[PDB]
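We count ligands from 1, going down the list as the structure has it; atoms in each ligand are counted the same way. Chain identifiers are assigned alphabetically (A, B, ...) following the order of the sequence lines, protein sequences preceding nucleic acid strands; residue numbering begins at 1 within each chain. What you see below is based on every heavy atom in this structure, not just the backbone, and it leaves out hydrogens, waters and symmetry mates.
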Amino acid sequence: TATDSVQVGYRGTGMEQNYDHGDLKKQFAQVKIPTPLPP
Amino acid sequence: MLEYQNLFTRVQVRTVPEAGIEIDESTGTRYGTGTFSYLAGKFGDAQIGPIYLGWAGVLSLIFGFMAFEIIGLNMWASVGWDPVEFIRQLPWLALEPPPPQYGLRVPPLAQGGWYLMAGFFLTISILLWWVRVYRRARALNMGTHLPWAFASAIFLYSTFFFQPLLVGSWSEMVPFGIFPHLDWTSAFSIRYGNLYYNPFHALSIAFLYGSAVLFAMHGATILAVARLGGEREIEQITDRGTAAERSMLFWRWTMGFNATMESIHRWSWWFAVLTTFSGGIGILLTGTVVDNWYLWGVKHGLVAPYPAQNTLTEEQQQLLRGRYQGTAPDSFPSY
Amino acid sequence: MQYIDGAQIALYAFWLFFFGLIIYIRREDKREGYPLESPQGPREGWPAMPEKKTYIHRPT
Amino acid sequence: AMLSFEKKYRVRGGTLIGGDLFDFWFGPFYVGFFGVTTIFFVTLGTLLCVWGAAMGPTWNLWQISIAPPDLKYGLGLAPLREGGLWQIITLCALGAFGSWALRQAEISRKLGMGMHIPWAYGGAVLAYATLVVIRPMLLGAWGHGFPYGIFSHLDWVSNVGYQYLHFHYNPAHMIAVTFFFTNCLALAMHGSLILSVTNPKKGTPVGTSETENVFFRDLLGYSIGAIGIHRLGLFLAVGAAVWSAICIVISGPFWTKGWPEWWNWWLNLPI
Amino acid sequence: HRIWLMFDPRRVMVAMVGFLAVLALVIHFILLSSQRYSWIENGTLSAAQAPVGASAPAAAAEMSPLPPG
Amino acid sequence: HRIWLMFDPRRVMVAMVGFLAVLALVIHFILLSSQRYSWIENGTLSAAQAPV
Amino acid sequence: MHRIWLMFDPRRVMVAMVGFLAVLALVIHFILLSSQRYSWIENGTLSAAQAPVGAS
Amino acid sequence: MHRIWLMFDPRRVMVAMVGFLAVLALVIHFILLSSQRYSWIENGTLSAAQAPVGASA
Amino acid sequence: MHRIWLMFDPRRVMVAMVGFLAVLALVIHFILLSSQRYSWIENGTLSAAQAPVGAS
Amino acid sequence: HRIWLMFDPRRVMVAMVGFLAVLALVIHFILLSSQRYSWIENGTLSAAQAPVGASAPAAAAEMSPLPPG
Amino acid sequence: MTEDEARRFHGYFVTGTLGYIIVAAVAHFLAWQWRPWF
Amino acid sequence: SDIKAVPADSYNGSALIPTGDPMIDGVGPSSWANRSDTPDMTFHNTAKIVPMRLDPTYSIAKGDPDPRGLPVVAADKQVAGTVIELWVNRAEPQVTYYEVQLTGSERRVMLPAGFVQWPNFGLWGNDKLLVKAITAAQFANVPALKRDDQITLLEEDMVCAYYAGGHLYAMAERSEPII
Amino acid sequence: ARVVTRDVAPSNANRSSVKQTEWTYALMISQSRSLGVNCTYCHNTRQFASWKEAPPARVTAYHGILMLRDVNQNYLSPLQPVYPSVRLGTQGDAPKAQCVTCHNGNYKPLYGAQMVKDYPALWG
Ligand SMILES: CCCCCCCCCCCCCC(=O)OC[C@H](COP(=O)(O)OCC(O)COP(=O)(O)OC[C@@H](COC(=O)CCCCCCCCCCCCC)OC(=O)CCCCCCCCCCCCC)OC(=O)CCCCCCCCCCCCC
Ligand SMILES: CCCCCCCCCCCCCC(=O)OC[C@H](COP(=O)(O)OCC(O)COP(=O)(O)OC[C@@H](COC(=O)CCCCCCCCCCCCC)OC(=O)CCCCCCCCCCCCC)OC(=O)CCCCCCCCCCCCC
Ligand code: BCL
Ligand SMILES: CC[C@H]1c2cc3[nH]c4c(c3C)C(=O)[C@H](C(=O)OC)c4c3nc(cc4[nH]c(cc(n2)[C@@H]1C)c(C(C)=O)c4C)[C@@H](C)[C@@H]3CCC(=O)OC/C=C(\C)CCC[C@H](C)CCC[C@H](C)CCCC(C)C
Ligand SMILES: CC[C@H]1c2cc3[nH]c4c(c3C)C(=O)[C@H](C(=O)OC)c4c3nc(cc4[nH]c(cc(n2)[C@@H]1C)c(C(C)=O)c4C)[C@@H](C)[C@@H]3CCC(=O)OC/C=C(\C)CCC[C@H](C)CCC[C@H](C)CCCC(C)C
Ligand SMILES: CC(C)=CCC/C(C)=C/CC/C(C)=C/CC/C(C)=C/CC/C(C)=C/CC/C(C)=C/CC/C(C)=C/CC/C(C)=C/CC1=C(C)C(=O)c2ccccc2C1=O
Ligand SMILES: CC(C)=CCC/C(C)=C\CC/C(C)=C/CC/C(C)=C\CC/C(C)=C\CC/C(C)=C\CC/C(C)=C/CC/C(C)=C/CC1=C(C)C(=O)c2ccccc2C1=O
Ligand SMILES: COC(C)(C)C/C=C/C(C)=C/C=C/C(C=O)=C/C=C/C(C)=C/C=C/C=C(C)/C=C/C=C(\C)CC/C=C(C)/C=C/C=C(\C)C(=O)O
Ligand SMILES: COC(C)(C)C/C=C/C(C)=C/C=C/C(C=O)=C/C=C/C(C)=C/C=C/C=C(C)/C=C/C=C(\C)CC/C=C(C)/C=C/C=C(\C)C(=O)O
Ligand SMILES: COC(C)(C)C/C=C/C(C)=C/C=C/C(C)=C/C=C/C(C)=C/C=C\C=C(C)\C=C\C=C(C)\C=C\C=C(C)\C=C\CC(C)(C)OC
Ligand SMILES: CCCCCCCCCCCCO[C@@H]1O[C@H](CO)[C@@H](O[C@H]2O[C@H](CO)[C@@H](O)[C@H](O)[C@H]2O)[C@H](O)[C@H]1O
Ligand SMILES: [Fe+3]
């Protein structure tokens, strides 16, 4: 399983955010924004 | 196919169980005759032999069982006496120390009194077990090295009582629980500013790793020369054979220096003992001499520089100041 | 004083004790197989050789 | 120089690579092909570490830190000044540790001993390789390794531990910690037992092998053997490193949430 | 009595002393941790001033800083 | 009586004493932890004013 | 059916039976004690009409 | 049909059967107790129409 | 009555008794020192009417 | 038929049964963990109502699944 | 340990048990006078 | 004087080359330490390592194969003899030696138990004794014992050293590098 | 919620217990799970008290606390007498909001979706 890692601190400090790719994709896909109403 | 690695024994030899060397039996006696376990005999010795019981051992068992019962019954009461919840939630249950506002005064029974009773009984049983270890050693005319290694272990254990007494509150003690005592470990490191920068914590970590290194090295060395009679170390010490000679030469050729068959056990003894001794010193120093180990490390040049990850404005520095944590609200306000 | 604190003092006391201990254990490490064999003669590293040690045996 | 009994053991043969060329002793050390390779890698890695210290802001021994590259260079050799030096030092260290193990194997093959010591050292080598090779490869960037600095690698350990909220709840970490603690306890017991038998109460003769078993049977009810204690010490010490490698390799590559939440499976058993 | 033929007095005496010691310590500690019988602090109170019926599982605050003591 | 030829009276009596002591301790503890029977604090209350 | 005692030692059978029975009795008593309906130490004086019932 | 006992020890078969049967009975009783519909210690006095039913579609 | 010393070694009994008595004395002194009313090192000069009393 | 003189049929049968059973379990569990073939939950749907993986997708505006680096 | 030794030990054990056991009764009565628990 | 080994060259630190047969000469991994020529004793002043025929109390645990009457396969896959007696350590009960009768008989040799491997690591059928160090022809050169009821520490070391040295001096490909 | 001392030596300026540190630990674990991040998102855990070593998100997080304290005190709680009894809690109090109410386990609500820019009636 691929892990998406985002570095949030200086290199070598160990400050990173890990995410599981499959569940992140499923969670992002399921969000459905209502379309903006015409002005 | 492979050489015999001396990892397991294929042919076990049985005989009459060994009763034991004649010892004084005026205050205690040996119980059992000696049974044999085949599975245990695969890896090491097979005799589950007699066990000696005397004054100190019986007293230690009574006090330790009382402490164990108090801890278990408080854990069971914390889930409403549910056996299913007791087993399911067992690693999360705890017997918790008193509240911080009592300091060193006796707390209510349901809010830390049981904790102090259990701790006292556990301490008494540990000391009585130390007495028993000493007496078992001296009954066989042995040296008291094991008593004084157990004493180092007890010193580290007793710092968990002495440091809360020095800071002045029984609330700082270690809760009796599988996960909650790990929670206390983490919160203790956080509260006093990154215990990684405690020099005696680093020292004790060095000795713990070195104990693992030394035991791996010694076990591999003895297993590697067991074909030459190397596991019989007493005779290799009092009459040095080819196994001890080869053990010395391997490490002399490897790292340039070596020990003897007897002094490698001195190395092992001191590494293991120092693991707990330096750690106890480090714990005793925390909250009494040093309250922030990271800041002590900055003062003594231990902390590596990193680029700043954020810069704060003049109004942000006033705004971002917080407040020290106080008491929990005892009212449910209506707005 | 200000720069000196109890943790530093205790740390240096431990360093002294540890070096003494290492000296003692190295003294014990040379109880067998010494002095060394060299073309220049007998050799002893630091710490020097300890005194001869004998054990006790039960009578027959 | 040589020990009193050393001369008869210094013979030819037992090497894996090379012949009479690399079959000599430099002082007390034995030099083989892998001794030469060990010296090469140690020298290059140490000199590159000193260069990394020179590039940094301080010469203080505790504050020196050679850091791995950014995650954006994933699995590629970063510029030397931006973490590539860390990668070269890592290659040197891997070569040096492998050479040390193989040289130890040559030495044991020359004294007639078994092959246990190189394999025992292999556990620590495997733990290090898991830290800097296997886990960074599974995560996809060499910047997942730890920096080379006496106290900066402690900062890396702290931050990586808090990447999973509460690292104490890692089950493999708990098993490895148990292995380490039991190893220290067993080492204390074994050293004490041997010393107390060979250095008994003053005035009494040196104890025998039955005294050890009788003492531990009197105290605990069971006494492992003389070979059994060494087998147990080897197993405990090596298993600590193996379970450490397991515990670190499952964090990130296999588990990305907080470790406490992993215990859901236990709370959701059907019973 | 014949009970001393089955059980050696030497061992049962030590077991009995240990049991009585642990029981007395347990009871004295339980009394010391109670509100009504915390005699070291409130022993001078008369029977009418002594606390009554104060089980109260949260009788005190759980969260607070350490005192200056 | 012949049960005592099948079981050692010494071991039976030791097990009985231990089990009964543990059971008595457990019951006294459960009562002490309760609200209705916390007699160290409640004991002087009459039955009507005891918690339910 | 006495011959069962020739296949199984009465001593071990009775020991195992006593242990199992004691553990089972303890588990049942504590399951009842932890429930809302059958606490019997706090609510034992309640009548059957006042005792708690699980939600419908 | 009775030759089966010549391949398996009846003493070692009855013990395993009893142990498995006890474990299975305890597991089923506990699964039922941990459910909502069959928590008989609390809701056992309810009628079959008042007993809880799991969520539908 | 003296015959008890033929059943129990006087040396062991005296050593155990001294150890127990020392532990008990230290525990009692420490319990008193940790209390409010009897923390004599700090408040030992107060009169008996000035000494702290538990809540009534 | 001479292949069996090269490998013991007992060993081959053990390895064959083990490998085939592990493969069957792995495939069944891979299908059960998917969305289209989670047959225990959605097996009653028709082939037209069954989930299908997304085709070539479009982009998004000011919306990132990942936090900034 | 003979039968006469058991008799002799039992005499002293019984008298010591009685004396201890209800010196404890005096203690309990004193405590009841000071602060009753029922 | 007894070090049958000439230096390879005059440079210090060089390896030695044996002149005669290292196995009996006692150089390299075939060397032994001069220990006392008295038997190893127990707590009760009895011989520590004794044959099973000298002590009927000892036996073999049920579940373990009986090595007596089994062939002893040597390094060259040649059966060198058959096990006829087991020497056990009385202080710590374990199998320490195997007495092997030669193919031509007329003598017996001692085989340390630490140099013995069982087929399939002792998991499958145990019907032969595997000794990977020494070939069948060299079993006849294993040093003999002075008596058949006791073994001194010196003989112990001699037998163990002879068996250990054949991991380097049995064949010619063993003392030679792999590349 | 601060527990860490701003000095090397102990004094009476900070007398926080280890239990209070555990309380802060629990609150921060909840915050981390509410945003789907770990501790290093707002902290350099080598010193949890430092703001200069921490990412800027920490500053934002602090404001998110203050905003919540306003929302829960002046808007949600005073709505107690309006809700029917099925909406209130077991003490009969109005429901309140936390970080996960907006974030729902994401570093930004709806992954940072912008929606109110096209609805001026909701602007402040
Ligand atoms: C719960 C709380 C506790 C928690 C923490 C607890 C930590 C415990 C630490 C214990 C340290 C010793 C461990 C040990 O080996 O114990 C075994 C031994 C029992 O042996 P035995 O049963 O008598 O057996 C007899 C015999 O077999 C012993 O032989 P072994 O090989 O075991 O011991 C060897 C002896 C040899 O002794 C000598 O050669 C005599 C001189 C020893 C050194 C004296 C000066 C030390 C420094 C003093 C100032 C020290 C100031 C710090 O050796 C030893 O036992 C220890 C050898 C030295 C170890 C390293 C020392 C390094 C010092 C460096 C100093 C700095 C240099 C710059 O136990 C002993 O206590 C031995 C000593 C007994 C005599 C009394 C010594 C103290 C007398 C003064 C105090 C009297 C009571 C108030
Ligand atoms: C931490 C605690 C400290 C603690 C430090 C203090 C304590 C040290 C204790 C060490 C163990 C005990 C003493 C001992 O026995 O030492 C061995 C040796 C005596 O040896 P031996 O008994 O005579 O046996 C030698 C024998 O094998 C014959 O060797 P041979 O002489 O034929 O040659 C062997 C070597 C050397 O080859 C030579 O040609 C030597 C002369 C030229 C050396 C440089 C050549 C390179 C070019 C120029 C570089 C330099 C240009 C400037 O030949 C070899 O093949 C062995 C070496 C390895 C070769 C493969 C690796 C190649 C790549 C190497 C790259 C890095 C090195 C340059 O003794 C001595 O040399 C006595 C003086 C002590 C030497 C070390 C002093 C270190 C000072 C360090 C100061 C700073 C400390 C922080
Ligand atoms: C977030 C957590 C913190 C942290 C917080 C602490 C704290 C807090 C402590 C340690 C301590 C230690 N830590 Mg840590 N530690 C962290 C990171 C690490 C790392 C790492 C790779 O990151 C490592 C390897 C270590 C390693 C170590 C050890 C060297 C040391 C403990 C030795 C020990 O316990 O012996 C085991 C020995 C004992 C526990 C002694 C007592 C044994 C007693 C006698 C046994 C009695 C048994 C009883 C009878 C059984 C029955 C009970 C029943 C209920 C009846 N720490 C981080 C920074 N660490 C200790 C120390 O010394 O610090 C200076 C300590 O107190
Ligand atoms: C050099 C430091 C290391 C060390 C050393 C050390 N420890 C030692 C020794 C030494 C040298 C001893 O001599 C001594 C010993 O005897 O070891 C075998 C001891 C010891 N180290 C111990 C443990 C221990 N050591 C630890 C650590 C270490 N000890 C260090 C790493 C730890 C850790 C890592 O936390 C532990 C847990 C003990 C095994 C022993 C001390 C025993 C003791 O004091 O016992 C008192 C007796 C009791 C508390 C009685 C309890 C009874 C039961 C536990 C409860 C009742 C059970 C019930 C009957 C059945 C089950 C429940 C039912 C409901 C089913
Ligand atoms: C079973 C696993 C355990 C164990 C066992 C073990 N270690 C061993 C052995 C064994 C069996 C040996 O035989 C071997 C040895 O020869 O010991 C004397 C060794 C050894 N264990 C060592 C250390 C060590 N072991 C550790 C761990 C453990 N070793 C495990 C707990 C640790 C830890 C926990 O940190 C350390 C520091 C060495 C003393 C030694 C191996 C010597 C060696 O490999 O030498 C070659 C290298 C050099 C001479 C110098 C370094 C060359 C590099 C190129 C320099 C760059 C290094 C890099 C920058 C890293 C910096 C790290 C920062 C964090 C500081
Ligand atoms: C079939 C099956 C199921 C398999 C599954 C197994 C799987 C999937 C595994 C993963 C596979 C993958 C993709 C992993 C990659 C693994 C890799 C990369 C394999 C490496 C192979 C390997 C044996 C490792 C190292 C190779 C070795 C030992 C090299 C030594 C070569 C050699 C003998 C030459 C000597 C020169 C050396 C070593 C250089 C160093 C050196 C240099 C460079 C000098 O200049 C120098 C000059 C003067 C003195 C000394 C030196 C010196 O030491
Ligand atoms: C081809 C190939 C790769 C094959 C090679 C084999 C391989 C694969 C490598 C190894 C992998 C294997 C097979 C590993 C699995 C090992 C197994 C099966 C597990 C073993 C587990 C085990 C034995 C027990 C678990 C240990 C645990 C959890 C607790 C330990 C508790 C403890 C403190 C025990 C100590 C026991 C006692 C009482 C010791 C005291 C004691 C001491 C300390 C002495 O010094 C001493 C010296 C001399 C006489 C007596 C004694 C003595 O008894
Ligand atoms: C909240 O509540 C929860 C807890 C949840 C609910 C709990 C529920 C449960 C499960 C309760 C269990 C109860 C139970 C279990 O079965 C209860 C079982 C009780 C039993 C069996 C008690 C038996 C006691 C027996 C005694 C005291 C015997 C004394 C014997 C004496 C004095 C004779 C002395 C011997 C002599 C003199 C011999 C001289 C020598 C001679 C002659 C010689 O040597 O010859
Ligand atoms: C808070 O509430 C909780 C706590 C939770 C509720 C708990 C409740 C529980 C479970 C209570 C348990 C109570 C209990 C039972 O279990 C209590 C049992 C008490 C008993 C039995 C006490 C007995 C004491 C006996 C004594 C002191 C004997 C002394 C004997 C002496 C001095 C004589 C010895 C000298 C001799 C002989 C010399 C002659 C030798 C000679 C001639 C020779 O040797 O020859
Ligand atoms: C069947 O169920 C029953 C209940 C019958 C039995 C079951 C019991 C069970 C299941 C028990 C489970 C126990 C567990 C899981 C225990 C876990 C323990 C752990 C993990 C402990 C870890 C650390 C604890 C430490 C380090 C505690 C140290 C405490 C100290 C040093 C306390 C000292 C206190 C003293 C000296 C008190 C003195 C009394 C004073 C003098 C203060 O009196 C006023
Ligand atoms: C509570 C759960 C059970 C806890 C106890 C578990 C006991 C078993 C685990 C400990 C032993 C694991 O056994 C482990 O086997 C592996 C093979 O996979 C061996 O091999 C491993 O390390 C060696 C060392 O170089 C590597 O070469 C090898 O590639 C690697 O797999 C390890 O040396 C051995 O330690
Ligand atoms: Fe050893």
Got a donor-acceptor contact below 3.5 angstrom from the [X] side chain to the [Y] backbone?
X: E/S55; Y: F/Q35; value: no
X: K/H28; Y: K/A24; value: yes
X: C/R27; Y: C/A48; value: no
X: B/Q5; Y: B/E3; value: yes
X: B/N74; Y: B/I70; value: yes
X: F/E41; Y: E/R36; value: yes
X: D/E6; Y: D/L3; value: yes
X: F/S34; Y: F/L31; value: yes
X: B/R252; Y: D/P28; value: no

Please report which non-hydrogen protein atom sits nearest to [atom], along with the residue it belongs to and the distance in Å to one decimal place.
atom: atom 11 (C) of ligand 11; value: D/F235 CE1, 4.6 Å
atom: atom 26 (C) of ligand 9; value: K/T17 OG1, 3.6 Å
atom: atom 2 (O) of ligand 9; value: F/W39 CZ2, 4.1 Å
atom: atom 21 (C) of ligand 9; value: K/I21 CD1, 4.9 Å
atom: atom 1 (C) of ligand 9; value: E/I30 CD1, 3.6 Å
atom: atom 32 (C) of ligand 9; value: K/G16 CA, 4.2 Å
atom: atom 42 (C) of ligand 9; value: K/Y12 CD1, 3.7 Å
atom: atom 1 (C) of ligand 11; value: D/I175 CD1, 4.3 Å
atom: atom 27 (O) of ligand 11; value: D/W119 CZ3, 3.7 Å
atom: atom 10 (C) of ligand 11; value: D/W243 NE1, 4.0 Å
atom: atom 10 (C) of ligand 9; value: F/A24 CB, 4.1 Å
atom: atom 16 (O) of ligand 9; value: E/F19 CZ, 3.4 Å

One finds that the ligand 11 atoms under 4.0 Å from a non-hydrogen atom of D/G122 are 24 (C), 25 (O)

Considering only heavy atoms of D/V242, which atoms of ligand 11 have at least one such atom less than 4.0 Å away?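 Taking each heavy atom of D/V242 in turn, ligand 11 has 35 (O) under 4.0 Å.
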
At a 4.0 Å threshold, what atoms of ligand 9 neighbour a non-hydrogen atom of [X]?
X: E/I27; answer: 4 (C)
X: K/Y20; answer: 24 (C), 27 (C)
X: K/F9; answer: 37 (C)
X: E/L23; answer: 4 (C), 11 (C), 12 (C), 13 (C)

contact_flag F/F29 ligand 9 heavy-atom lt 4.0 Å: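 No, that is not the case, since the closest heavy atom of the residue is not under 4.0 Å from the ligand.
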
Heavy-atom gap I/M7 to ligand 9 smaller than 4.0 Å: yes

Are any of the protein's heavy atoms under 4.0 angstrom from [atom], yes or no?
atom: atom 31 (O) of ligand 11; result: no
atom: atom 34 (C) of ligand 9; result: no
atom: atom 20 (O) of ligand 11; result: no
atom: atom 25 (O) of ligand 11; result: yes
atom: atom 4 (C) of ligand 9; result: yes
atom: atom 4 (C) of ligand 11; result: yes

Kindly indicate, with the supporting measurements, whether the criterion ring-ring contact (aromatic ring centres under 6.0 Å, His included) is fulfilled by D/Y30 and D/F24. CA-CA 6 Å; D/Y30 165 77; D/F24 67 101; 8.0 Å; no

Looking only at the side chains, is there a donor atom on one of [X] and [Y] sitting less than 3.5 Å from an acceptor on the other?
X: D/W119; Y: D/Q104; answer: no
X: L/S14; Y: L/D9; answer: yes
X: B/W251; Y: B/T221; answer: yes

Under the criterion side-chain hydrogen bond (donor to acceptor under 3.5 Å, both in side chains), I'd like the reasoning laid out for D/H173 against D/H168: C-alpha separation, chi angles, the key distance, then a yes or no. CA-CA 7 Å; D/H173 192 264; D/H168 274 134; 5.6 Å; no

State whether K/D4 and K/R7 are salt-bridged, where the test is any N-O pair (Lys NZ or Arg NE/NH1/NH2 against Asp/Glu carboxylate O) under 4.0 Å.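 So K/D4 does not pair with K/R7 through a salt bridge.
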
Are E/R2 and K/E3 within salt-bridge range, i.e. N to O under 4.0 Å?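 Salt bridge present between E/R2 and K/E3.
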
I/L6, portion touching ligand 9 at heavy-atom distance under 4.0 Å: neither

From the candidates D/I246, D/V238, D/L126, the one that places a heavy atom nearest atom 22 (O) of ligand 11: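 Among D/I246, D/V238, D/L126, the closest heavy atom to atom 22 (O) of ligand 11 belongs to D/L126.
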
Applying ring-ring contact (aromatic ring centres under 6.0 Å, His included) to B/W76 and F/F29, what does each step give before you reach the verdict? CA-CA 11 Å; B/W76 208 350; F/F29 184 95; 9.9 Å; no

Roughly how far, to the nearest 0.5 Å, is the OH atom of D/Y121 from the CG atom of D/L102? 10.5 Å

In the structure I gave you, are the side-chain heavy atoms of B/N258 and B/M248 within less than 4.5 Å of one another anywhere? yes

What are the distances between nitrogen or oxygen atoms of ligand 2 and protein nitrogen or oxygen atoms, counting only those under 3.5 Å?
| from | atom 1 | to | atom 2 | distance (Å) |
| --- | --- | --- | --- | --- |
| ligand 2 | 20 (O) | D/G27 | N | 3.4 |
| ligand 2 | 23 (O) | L/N12 | ND2 | 2.9 |
| ligand 2 | 24 (O) | D/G27 | N | 3.1 |
| ligand 2 | 24 (O) | L/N12 | ND2 | 3.1 |
| ligand 2 | 27 (O) | D/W25 | O | 2.3 |

Any cation-pi pair here, I/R12 with B/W55, using under 6.0 Å and within 45°? yes

